[PDB]
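> So the protein lines, in turn, are chains A and A'. A prime marks a further copy of an entry chain. Taking the authors' numbering, I'd label the letters of the first sequence as residues 26 to 498, 512 to 556, 558 to 588, 599 to 649, 657 to 672, 676 to 681, 688 to 707, 732 to 748. Taking the authors' numbering, I'd label the letters of the second sequence as residues 680 to 681, 688 to 707, 732 to 748. Don't be surprised by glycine CBs; every beta carbon is placed ideally from N, CA and C.
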Amino acid sequence: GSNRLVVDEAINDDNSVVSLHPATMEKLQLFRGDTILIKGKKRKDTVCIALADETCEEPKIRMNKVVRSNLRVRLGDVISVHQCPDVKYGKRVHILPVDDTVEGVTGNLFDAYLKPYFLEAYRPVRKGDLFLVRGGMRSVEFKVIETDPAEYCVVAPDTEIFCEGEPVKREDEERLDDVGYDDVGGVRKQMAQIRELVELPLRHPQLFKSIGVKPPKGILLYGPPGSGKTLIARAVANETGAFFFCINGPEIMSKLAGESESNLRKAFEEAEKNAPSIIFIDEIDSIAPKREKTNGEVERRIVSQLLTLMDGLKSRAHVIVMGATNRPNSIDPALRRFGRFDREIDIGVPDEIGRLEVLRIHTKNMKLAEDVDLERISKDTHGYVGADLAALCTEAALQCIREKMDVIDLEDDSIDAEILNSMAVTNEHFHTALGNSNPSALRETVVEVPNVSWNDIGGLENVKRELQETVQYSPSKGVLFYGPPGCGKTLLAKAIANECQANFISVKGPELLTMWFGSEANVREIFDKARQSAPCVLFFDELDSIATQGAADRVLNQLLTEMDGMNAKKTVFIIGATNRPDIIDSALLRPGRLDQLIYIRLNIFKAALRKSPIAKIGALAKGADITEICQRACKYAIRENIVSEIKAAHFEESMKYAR
Amino acid sequence: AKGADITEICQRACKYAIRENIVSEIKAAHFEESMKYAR
Ligand SMILES: Nc1ncnc2c1ncn2[C@@H]1O[C@H](COP(=O)(O)OP(=O)(O)O)[C@@H](O)[C@H]1O
Ligand SMILES: Nc1ncnc2c1ncn2[C@@H]1O[C@H](COP(=O)(O)OP(=O)(O)O)[C@@H](O)[C@H]1O
Ligand SMILES: Nc1ncnc2c1ncn2[C@@H]1O[C@H](COP(=O)(O)OP(=O)(O)O)[C@@H](O)[C@H]1O
């Protein structure tokens, strides 16, 4: 319980660095730079360099995906660490590449791939190990085949590497490029629960033989058709170590009740014959078409053979079924009940923070440039799902191919070489490919996190007591923000969640006037979209559409009933905005619907930005058009092309016509 | 006396929970600060 560490995820995806807690390293006589022997299971062991990282837990150790596969261990297992002082540098180490990775790529694995790996990098060696080198639009696994000083060699600039030879084979070594948790970004929190409910029925299939508890059995994934579904299940079963069969919807419908009734039974029989079963019902929208009263006799039996095959079967037999649909409202209601799909999982469009991680993952095999600032691209990529974030990663890597052809001609079948690596991908390959931009998820209810500073407010002493830490031993839950326009009513609730650390949903009046108003309308889709997100603030601007001048005066009443009931939720709040508080029906003001009213001294301080092309105030006070005078001041950019930034003589020309 | 907002003044009195983290429960000097803006 003191040396027994639990393997965890790696902050840095390095095959040699494993991070640990320093107070635990203070117990086991270790500091940075020293090497440690780590043996996990099946008598296998490797050896790596430690580091003092206080981020990890005390009884937990950080291990990388390739470090995990070398010990024949997987995440959630206990490993033992031993001090390794008896180690010395090595003379010769023979490195052969792996068969399943040298696909057409040729040249010299040492000059292109292996040199940058070990250049000034001091790394330990095993006699029988495998490892991955990400470079040149791909990744070629290598194998250590010999070790000169016993089995614990250490590479250094003083080392002779005879990489000459044949592509060695692999032996029960799962592809180190297979899907993993380090390959799924933008849904870290979404992976928390899915990894808290499949962690036991798959990794610990012991208690579930002798416990009367009914374990989770029916998982229902949903989200965007663009991305975020197949990998959520692929990165789990391929990483947790579970048998993975993914039944595709379109194939089943391609029969005449032949492989429609068989593959449904057979794959349900096949997955159960193995102990860890993960069944991915891809395109369940095509199989289950909600309550389709007008259809053919095959959909009335392909869904009729599915429910009976999961309530009778899939009962403590260590089988976790996983559905996948574009919308959780186009499949039969009898799918989500008890035992079958009682679990549901939201896959939302990645926020600005989540877009950056997935950008990193896919942009790893490439060699980029320092002018490339993927952070700036990670901001202006709303409406972009993991597919489109990978779709431009192709058009960004492929634009570098034609733009740098030139001398290379008469391409051989295996012409790739060191030219493939070091292929610097300029930022223009992004911009020109992003010039033909094409997003997908634009009409969606976006879940994200506000990244705006509270300094740019200049308010009127907003009482801090309009907040709570969910620690009490009833509280008001309805507030509205009215007053003049521009004073801050739109950006007001944005900076509140900056300190509260909660998701937000910006909704407008005519947004609820969606043609898809025919109870679980978008109105209720938006309500329940923020129900899973806990806590979540529902901001509503343009609420002036409450009055008159079909379902004209409807949707309001529709909005009314849904507001109540949320008072028991406690961890959810509703805020609105308006400018003409007269034509609004006073219904919302009623207790429960809303329970507070906030207006909007003198002109307050306001924090600007863009302080680089700036040039050096409160007297002008003698917001409304705060940004309007700012952008026009930047628009007054002197074009004396044939130094100057901002100036005063340009302000006086702006207030001549403003209002 | 010299309902309308019966619970409103009650929860705000509990919301006036002194956070002197670095005993006190309900008090009068916190009521007078509540009726300054009520309606
Ligand atoms: N959340 C994510 N994180 C990282 N990559 C993703 C994510 N979602 C999608 N991708 C990438 O997009 C590609 C296609 O998306 P996919 O998962 O097939 O869509 P879906 O599962 O919704 O049909 C995948 O190959 C994957 O690499
Ligand atoms: N302290 C501030 N208060 C209000 N608005 C500000 C402030 N500082 C900058 N602004 C700018 O003024 C604009 C006012 O919000 P806006 O989007 O115009 O919505 P509305 O006019 O409906 O309130 C913001 O977009 C913001 O860029
Ligand atoms: N004697 C009382 N008479 C009325 N309301 C009371 C009384 N004691 C406490 N209250 C509180 O005042 C609130 C008044 O009811 P409310 O839910 O506001 O509906 P409405 O305002 O439409 O009558 C109740 O929710 C209750 O918590």
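Counting only runs that start and end within the stretch 118–183 of chain A, where is the beta strand (DSSP E) found for 3 or more residues in a row?
Fully enclosed beta strand (DSSP E) runs of 3 or longer: 120–122, 154–160, 163–169.
> Note down, in chain order, every chain A residue with its Cβ under 7 Å from the Cβ of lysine 700 of chain A'.
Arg490, listed in chain order.
> Quick one: what's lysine 64 of chain A bridged to in DSSP?
For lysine 64 of chain A, which the question treats as bridged, DSSP gives the partners A/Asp70, A/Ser105.
> In chain A', what lies closer than 7 Å to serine 329 of chain A by C-beta?
The contacting residues do not exist; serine 329 of chain A stays about 52 Å from chain A' at best.
> Hey, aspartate 481 of chain A and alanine 296 of chain A: beta-carbon distance below 7 Å or not?
In this structure, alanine 296 of chain A does not lie closer than 7 Å to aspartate 481 of chain A by Cβ.
> Within the same chain, show all residues whose beta-carbon is closer than 8 Å to that of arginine 629 of chain A, passing over the 5 residues directly before and after it, in chain order.
For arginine 629 of chain A, where only same-chain residues beyond five positions count, the Cβ hits under 8 Å are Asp583.
> Does the stretch 219–235 of chain A come within contact of the stretch 401–408 of chain A, defined as at least 3 CB pairs closer than 8 Å?
Output reads no: the stretch 401–408 of chain A does not touch the stretch 219–235 of chain A.
> Hey, quick one: how far does the beta strand (DSSP E) through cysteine 575 of chain A stretch, first residue to last?
Residues 575–579.
> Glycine 547 of chain A lies in the alpha helix (DSSP H); which residues open and close that run?
Start and end: 547–550.
> Could you spell out the range, first to last residue, of the beta strand (DSSP E) harbouring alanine 626 of chain A?
Residues 621–626.
> List, from N- to C-terminal side, the alpha helix (DSSP H) runs of 4 residues or more that fit wholly inside the stretch 29–57 of chain A.
Within the stretch 29–57 of chain A, the complete alpha helix (DSSP H) runs of at least 4 residues are 47–52.
> Three or more C-beta pairs closer than 8 Å, one from the stretch 148–155 of chain A and one from the stretch 167–182 of chain A: is that the case here?
Contact between the stretch 148–155 of chain A and the stretch 167–182 of chain A is present, because at least three Cβ pairs lie under 8 Å.
> What do you get for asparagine 320 of chain A, buried or exposed, if any count of 16 or more other CB atoms within 10 angstroms of its CB means buried?
Per the 10 Å Cβ criterion, exposed.
> In whole angstroms, what separates the C-alpha of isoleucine 170 of chain A from that of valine 42 of chain A?
When rounded, the distance between both Cα atoms is 22 Å.
> Ligand 3 and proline 249 of chain A: does any heavy atom of the ligand fall closer than 6 Å to the residue's C-beta?
Flag unset: Cβ of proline 249 of chain A not near ligand 3.
> With distances taken between CB atoms, is the gap from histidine 456 of chain A to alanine 415 of chain A smaller than 7 Å?
No. Outside cutoff.
> Could you tell me whether the stretch 354–372 of chain A touches the stretch 303–321 of chain A, using the rule of 3 or more Cβ pairs below 8 Å?
Enough Cβ pairs lie closer than 8 Å, so yes.
> Report yes or no: is there a C-beta of chain A' within less than 7 Å of the C-beta of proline 230 of chain A?
By this cut-off, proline 230 of chain A is not an interface position.
> Measuring from the CB of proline 522 of chain A, is there a heavy atom of ligand 2 at a distance below 6 Å?
It does not: the Cβ of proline 522 of chain A is nowhere closer than 6 Å to a heavy atom of ligand 2.
> Which residues in chain A' sit within 8 Å of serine 514 of chain A, going by Cβ to Cβ distance?
Residues of chain A' passing the Cβ test: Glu693, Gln696.
> Can you tell which of A/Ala617, A/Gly625, A/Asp136 has its C-alpha closest to the C-alpha of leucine 518 of chain A?
When only C-alpha atoms are compared, the closest one is A/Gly625.
> Of all the options A/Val410, A/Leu393, A/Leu381, which has the alpha carbon lying nearest to the alpha carbon of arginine 401 of chain A?
Selected option, being the one with the closest Cα: A/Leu381.
> Could you check where the beta strand (DSSP E) with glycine 348 of chain A kicks off and where it finishes?
Segment 344–350, the beta strand (DSSP E) holding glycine 348 of chain A.
> So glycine 243 of chain A is in the beta strand (DSSP E); what residue range does that whole segment cover?
243–247 is the extent of the beta strand (DSSP E) around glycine 243 of chain A.
> Cα separation between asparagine 40 of chain A and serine 105 of chain A?
When rounded, the distance between both Cα atoms is 18 Å.
> Output the distance between the C-alpha atoms of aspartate 567 of chain A and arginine 697 of chain A', rounded to the nearest integer angstrom.
Going from the Cα of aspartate 567 of chain A to the Cα of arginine 697 of chain A' covers about 29 Å.
> Have a look at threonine 552 of chain A and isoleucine 306 of chain A and give me their C-alpha separation to the nearest angstrom.
Rounded to the nearest angstrom, the two C-alpha atoms are 31 Å apart.
> In terms of DSSP beta bridges, what is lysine 392 of chain A paired with?
A/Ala449.
> For the pair the stretch 435–444 of chain A and the stretch 530–537 of chain A, tell me if three or more CB-CB distances fall below 8 Å.
No: the two stretches stay apart, fewer than three of their Cβ pairs being nearer than 8 Å.
> For ligand 3, is there any heavy atom lying closer than 6 Å to the beta carbon of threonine 610 of chain A?
Outside the cutoff, so no.
> Could you tell me whether the stretch 368–383 of chain A touches the stretch 211–228 of chain A, where touching means 3 or more Cβ pairs closer than 8 Å?
The stretch 368–383 of chain A, when compared against the stretch 211–228 of chain A, does touch it at the 8 Å Cβ threshold.
> Between the stretch 536–548 of chain A and the stretch 468–476 of chain A, are three or more C-beta pairs nearer than 8 Å?
Yes, since at least three Cβ pairs between the stretch 536–548 of chain A and the stretch 468–476 of chain A fall closer than 8 Å, the two stretches touch.
> How many Å lie between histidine 107 of chain A and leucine 62 of chain A at the Cα?
Straight-line Cα distance between these residues: approximately 5 Å.
> Going by C-alpha to C-alpha distance, which of A/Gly516, A/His739, A/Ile694, A/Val576 sits closest to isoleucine 647 of chain A?
Out of A/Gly516, A/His739, A/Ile694, A/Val576, A/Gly516 has the C-alpha closest to the C-alpha of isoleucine 647 of chain A.
> What are the start and end residues of the beta strand (DSSP E) that includes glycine 516 of chain A?
It spans 516–519 - the beta strand (DSSP E) in which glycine 516 of chain A sits, taken as one unbroken run.
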